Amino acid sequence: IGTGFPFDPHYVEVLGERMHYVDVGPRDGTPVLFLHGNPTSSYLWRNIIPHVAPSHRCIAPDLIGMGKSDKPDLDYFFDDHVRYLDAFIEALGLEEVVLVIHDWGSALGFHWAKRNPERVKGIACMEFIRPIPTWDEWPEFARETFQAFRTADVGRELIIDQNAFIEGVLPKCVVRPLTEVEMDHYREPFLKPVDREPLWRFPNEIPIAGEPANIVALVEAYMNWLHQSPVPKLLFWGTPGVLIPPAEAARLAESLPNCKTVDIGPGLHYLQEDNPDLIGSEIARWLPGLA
């Protein structure tokens, strides 16, 4: 599994700030837009993009406050991310797109798709965000930690002071061991504690047992859209998974129209770090059927 990031940096200024993005493959045609989540960046897609770039333009932005993008002093609510990604997409002049999304990138991708359905040709997803009714549904190995992330005083000590989302959550949610050079790529944007605000606001925005209400409402809305939309869907899942365990992937294969599922083998949350080649090769095999 490759540890390098051989992509030339591209930057675009939107709403006063620069956003970094990978842009490879053909210069035109339908682009494939890769959206990462918490606490990652376009680095998470580095071994998947090479399977797709031979046929399609691949664009992978670093969300505002993350990766190589600038760091405005925001509270970094999901709504701030929505504003920046909406502006990024229009600044690049994108018309129709194929989405490849994960975690908070999936909440951004699905919410953008529900609002711009005529512009989405297909959605490839994995370990995505859905309304979580109770903590019972959260797996035991990670439940008490995520509860601490959402409690005062404690969640900020863990995520901002101790960097628990980078040093703990990230590697503990990859089955194979991440190496120090990979961990340093993920650590780079957050070397200064104050720059870790997005890492703490994100878990506090997850819709669980009804809160926060605004996010629950918007996630319910895109789920209803997804269950009634004929857009082609490709869902990758692992065992035991975290947000989408095996039993839930099988149920979604049924409850979502035109949905193909792919078993990646062992995996927790950052599936891209356990089987990037199967994820990339299957996306490449699936794209021509969208023509």
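Position 1 is the first residue in the sequence shown; the rest follow in order.
Between 104-112 and 209-217, the higher mean Cα B-factor belongs to 209-217. According to the PDB record, 249-257 carries the higher mean C-alpha B-factor of the two stretches 249-257 and 47-55. Of the candidates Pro266, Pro61, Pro26, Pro232, the one whose C-alpha carries the top B factor in the deposited record is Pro26.
Note on the listed residues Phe128, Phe190, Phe141, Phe88: the highest Cα temperature factor in the record is that of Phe141. Sorting the modelled residues of the chain by their CA temperature factor places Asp274 in the lowest third. Sort the chain's modelled residues by C-alpha temperature factor and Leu35 lands in the lowest third, per the entry. In the PDB entry, a CA B factor belonging to the highest third of its chain's modelled residues is recorded for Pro9. In the PDB entry, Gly93 places in the highest third of its chain by CA B-factor. Sort the chain's modelled residues by C-alpha temperature factor and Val242 lands in the middle third, per the entry.
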